[PDB]
Every structure is written in structure tokens, then in C-alpha cells.
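[1] Before the rest arrives, take these chains from my complex:
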Amino acid sequence: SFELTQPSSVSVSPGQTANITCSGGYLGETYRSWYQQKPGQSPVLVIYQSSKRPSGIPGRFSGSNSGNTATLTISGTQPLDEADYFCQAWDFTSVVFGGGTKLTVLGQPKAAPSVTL
Amino acid sequence: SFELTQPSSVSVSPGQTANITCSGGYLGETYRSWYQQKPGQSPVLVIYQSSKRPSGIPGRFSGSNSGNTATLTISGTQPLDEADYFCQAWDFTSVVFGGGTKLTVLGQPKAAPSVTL
Amino acid sequence: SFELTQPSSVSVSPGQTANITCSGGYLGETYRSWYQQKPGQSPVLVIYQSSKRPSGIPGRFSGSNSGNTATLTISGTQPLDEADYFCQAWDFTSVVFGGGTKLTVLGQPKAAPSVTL
Amino acid sequence: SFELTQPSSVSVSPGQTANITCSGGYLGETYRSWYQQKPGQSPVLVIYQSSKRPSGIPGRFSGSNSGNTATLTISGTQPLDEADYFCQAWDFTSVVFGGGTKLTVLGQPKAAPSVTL
């Protein structure tokens, strides 16, 4: 008995494994005594945007593009009292193969073995 | 008895496994004594946008594009009292193969073995 | 007895497995004593948008596009009292193959083995 | 006895499995004593939009497009008292093959083995 084996393998198989975890902990409070006197509370916030004849990517192609043109983002800016943000903003971006990618697996093997017994 | 095997494998099979978890913890409160006096509460917020003759991507193609033109985003900005945000904003973006991708697996093997016994 | 096997496999089979979980925890409150005096509560919010002759993607094709033209998004901005957001906004975007993708599996094998016993 | 087998397999079969779960936890309250005095409550909110001669995607095709033209979204902005949002907004978008995709499996094998015993 004989064993002849030729597993020709042209394979592309990348892969990622991830463990993600958050615990807010222990928030314990005993005998918290409070006397609060705050009359006449008057907070102010003004947000303004104006734009005229803008343009973006006015030319030839981009293979991949995550970037922006003139924009405005506002987050958690003016918290006044007892404001909690716990594990608040979790942003995960995972890409195996990006945009505009060419995979051309051009496999044309020739294999002619023999066994004489 | 003989064994001849040639599992020619032209295969593309990438893959991701993920564990995601959040626990708000323990929020315990005993004998919290409070006396609050806050007459005449007058908070203010003004948000304004104006735009005229804008344009975006006025040209040739983009393989892939997540970016924006002039926009405005407002989040959790003016919390006044007892405001909690726990594991609030979770954004996951997972792509195996992006846009505008070409996979051309052109497999034309030739294989003629033999066994003489 | 002999064994000859050639499982020629031109296969594309990527795949993702995910575990997602949230627990709000333990929110326990004992002997919480409160005396609240808040007459004359007058909060204000104004949101304004105006747009004139805008345009977007006024050209050749996009393979894939998630981006926007001038828009406005407002979230959880002005919470006044006892406002809770727990595991509130969960956004998952999963794509195996994006838009404008070409898979051309052009498999034309030739295989003529033989066994002489 | 002999075994000859050639399972030529040109197959595309990607697939995703997902576990999704939320538990609001334990919300326990004992001996909560409250005396609330809030006469003359007058909250205000104004939301305004105007648009004139807008246009979107005024050109050649898009393979796939999830993006918008000038719009406005308002969510959970002005909660005044005892407002709870638990696992409130869950948005899942899962695509195996996007729009404008071409799968051309052009399989024309030739296979003529033989066994002489």
C-alpha cells in the first residue's frame, strides 16, 4: 500500500477574532446629605453654520475615501448638572479588503505523476 | 490498496468572529437625603443652518465613499439635570469586501495521473 | 481496492459570527428622601434650516456611496430632569460584498486520470 | 472494489449567524419619599424647515446609494421629567450581496477518466 497526495492550495482566507467588554464598576453611596439652593438658572448656547457654492472631489476617481468636506460635529459640550457618560461612544470600523481592490487568482496547474508497482 | 488524492482548492473564504458585552454595574444608593430649592429655571438653545448652491462629487467615479458634504450633527449637548448615557452609542461597521471590487477566479487546471499495479 | 479522489473546489464562502449583549445592571434605591421646590420652569429650544438650489453627485457613477448632502441631525440634546438612555442607540452595518462588485468564476478544468490493475 | 470520486464544486455560499440580547436589569425602589411643588411649568420647542429648487443625483448611475439630500431628523431631544429610553433604538442593516453586482459563474468542465481491472 502506498500514499500519494498533492493538495495544491491557492487560497486567500484572512480572518480576525475580537473580545470587547465594559463594566461600569460599583457606584455605591451611603448617607449622602444635600441641601441645594440655586434660584435663577439661565444657561445659553448658540450654534451657527453658513455655506456658499462648495464642492468636493471634483476630479478623477478615488480608490477608497472616508474623508469629508466642510461639516461640523458637536458632542457632549455643555452638561450642566449630574451628567454621566459611561462607555458612551464606541466606534469600531473593520475592513478585510478595501474598496477598489482587484483579486485575480489565475491558477492553471499541470500535474501528471504516476506509480508503477 | 493505494491512496491517490489531489484536492486542488482555489478558495477565498475570509471570516470574523466577535464577542461584544456591556454591564452597567451596580448603582446602589442608601439614605440619600435631599432638599432642593430651584425656582425660576430658564435654559436656552438656538441651532441654525443655511446653505446655497452646494455640490458634491461632481466628477468621475469613486470606488467606495463614506464621506459627506456640508452637514451638521448635534448630540447630548445640553443635559440639565440627572442625565445618564450608559453604553449609549455603539456603532459597528464591518465589511469583508468593499465596493467596486473585482474577484476573477480563472481556474483552468489540467491533471492526468495514473497508477499501474 | 484503491481510492482515487480529486475534489476540485473553486469556492467563495466567507462568513461572520457575532455575540452581542447588554445588561442594565442593578439599580437599587433605599430610603431616598426628597423635598423638591421648583416653581416657574421655562425651558426653550429653537431649531432652524433653510436651503436653496442644492445638488449632489452631479457626475459619473459611484461604485458604493453612504455619504450625504447637507442635512441636520439632532439627538438627546436637551434633557431636563430624570432622563435615562441605557444601551439606547445600537447601529450595526454588516456587508459581505459591497455594491458594484464583479465575481466572475470562470472554471474550465480538464482532468483525465486512469487506473490499470 | 474501487472508489473513484470527483465532486467538482463551483459554489458561492456565504452566511452569517448572530446572537442579539438586552436585559433592562433590576430596578428596585424602597421607601422613596417625595414632596414635589412645581407650579407654573411652561416649556417651549420650535422646529422649522424651508427648501427651494433642490436636486439630487442629477447624473449617471450609482451602483449602490444609502445617502441623502438635505433632510432633518429630531430624536429624544427635550424630555422634561421621568423619561426612560431602554434599548430604545436598535438598527441592524445586513447585506450579503449589494446592489449592482454581477455573478457570472461560467462553468464548462471536461472530465473523462477510466478504470481498467
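    Sure, I can see it. Residues are numbered from 1 along each chain as shown, chains lettered A, B, ... in the order given.
[2] Excluding residues flanking it in the chain, which one is nearest the residue nearest the centre of chain A?
    What sits nearest the mean C-alpha location of chain A, by C-alpha atoms, centre = their mean, is residue A:93, with 1.8 Å. The shortest distance from residue A:93 to any residue other than its chain neighbours is 5.0 Å, reached at residue B:93 (C-beta to C-beta, 6 or more residues apart in numbering or on different chains). Placement of C-beta: from N, CA and C, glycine included.
[3] secondary structure element for that neighbour?
    Under DSSP states H and E, the secondary-structure element containing residue B:93 is strand B:89-97.
[4] next one: residue A:60
    With DSSP H and E as criterion, residue A:60 is part of no helix or strand.
[5] Enumerate every residue touching it.
    For residue A:60, the contact set (C-beta atoms under 8 Å, 6 or more residues apart in numbering or on different chains) comprises B:59, B:60.
[6] and with 10 Å instead?
    The neighbours of residue A:60, taking C-beta atoms under 10 Å, 6 or more residues apart in numbering or on different chains as the test, are B:59, B:60, B:61, B:62.
[7] from the residues you listed, which is closest to residue B:109?
    Closest approach between the contacts of residue A:60 and residue B:109, by C-beta to C-beta: residue B:61, at 35.4 Å.
[8] Would you report the backbone torsion angles of the closest one?
    Recorded main-chain torsions at residue B:61 are phi -60, psi 160, according to degrees, to the nearest 10.
[9] ok, it - contacts?
    Taking C-beta under 10 Å, 6+ apart as the definition of contact, the neighbours of residue B:61 are A:60-62, A:100, B:100, C:59-63, C:100, D:60-63.
[10] could you also fit chain E onto it:
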Amino acid sequence: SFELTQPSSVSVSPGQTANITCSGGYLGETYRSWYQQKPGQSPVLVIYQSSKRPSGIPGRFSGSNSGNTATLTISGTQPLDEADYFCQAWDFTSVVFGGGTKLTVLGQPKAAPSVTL
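    Same chains as before, plus chain E:
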């Protein structure tokens, strides 16, 4: 009995494994006694943007681009009282193969061994 094996392997399979974890710790408070007197609270914030005839990437292609054009980002700037940010902003960007990448695996082996016994 003899063993002949030639597993010719032209394979590209990179992969990353990650452990991510946060614990807010222990936040314990006993006999916290407070007397607060803060009448006439008047905070102010003004945010302004104006833009005219801007442009971005007005030329030939970019293989990959994450960069922006003139934008403005505001975060956690003006917290007034009792403001907590715990494991607040977690941003992970993982790419195996970037955009505009060419993988051309052009495998054309020739292999004709033999065994005479």
C-alpha cells in the same frame, strides 16, 4: 509502503486577535455632607462657521484617503458640574488590506514525479 506528498501552497492568510477591556473601578462614598448655595448661574457658549467656494482633491486619484477638508469638531468642552466621562470615546480602525490594492496570484506549477517499486 511508501509516502510521497507535495502540498504546494500559495496562500495569503494574515489575521489579528484582540482582547479589549475596561472596568470603571469602585466609586464608594460615605457620609458625604453638602450645603450648596449658588444663585444666579449664567453660562455662555457661541460656536460659528462660515465657508465660501471650497474644494477638495481636485486632481488625479488617491489610492486611499482618510483626510478631510476644512471642518470643525467640538467635544466635551464646557462641562459645568458633576460631569463624568468613563471609557467614553473608544475608536478602533482595523484594516487588513487597504484600498486600491492588487493581489495577482498567478500560480502555474508543473510537477511530474514517479515511483518505481
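[11] so, the contacts of residue A:60 revisited with chain E in the model?
    Contact analysis of residue A:60 by C-beta under 10 Å, 6+ apart lists B:59, B:60, B:61, B:62, E:57, E:58, E:59, E:60, E:61, E:62.
[12] now with 6 Å?
    Taking C-beta atoms under 6 Å, 6 or more residues apart in numbering or on different chains as the criterion, residue A:60 is in contact with B:60, E:60, E:61.
[13] my read: residue A:47 touches residue B:47, true?
    Yes: using C-beta atoms under 6 Å, residue A:47 is in contact with residue B:47, at 5.0 Å.
[14] Which positions within stretch A:2-18 qualify as buried?
    A:2, A:4, A:6, A:8-16, A:18 (16 or more other C-beta atoms under 10 Å in any protein chain shown).
[15] quick one: it near chain B?
    Yes: using C-beta under 6 Å from any C-beta of the partner chain, stretch A:2-18 reaches chain B at A:2-18.
[16] Help me see whether that stretch makes contact with chain E, please.
    Yes: shown here: stretch A:2-18 in contact with chain E (C-beta under 6 Å from any C-beta) through A:2-18.
[17] And stretch A:41-54, by the same measure?
    Yes: interface with chain E: stretch A:41-54 contributes A:41-54 (C-beta under 6 Å from any C-beta).
[18] Need the residues that contact that stretch.
    Outside stretch A:41-54, the residues within contact range by C-beta under 6 Å, 6+ apart are A:72, A:78, A:80, B:41-54, B:70, B:72, B:78, E:41-54.
[19] Residue A:40 - how many residues pack around it?
    Residue A:40 has 15 neighbours, counted by other C-beta atoms under 10 Å in any protein chain shown.
[20] likewise residue A:28?
    Each residue near residue A:28 was counted by other C-beta under 10 Å, and the total is 17.
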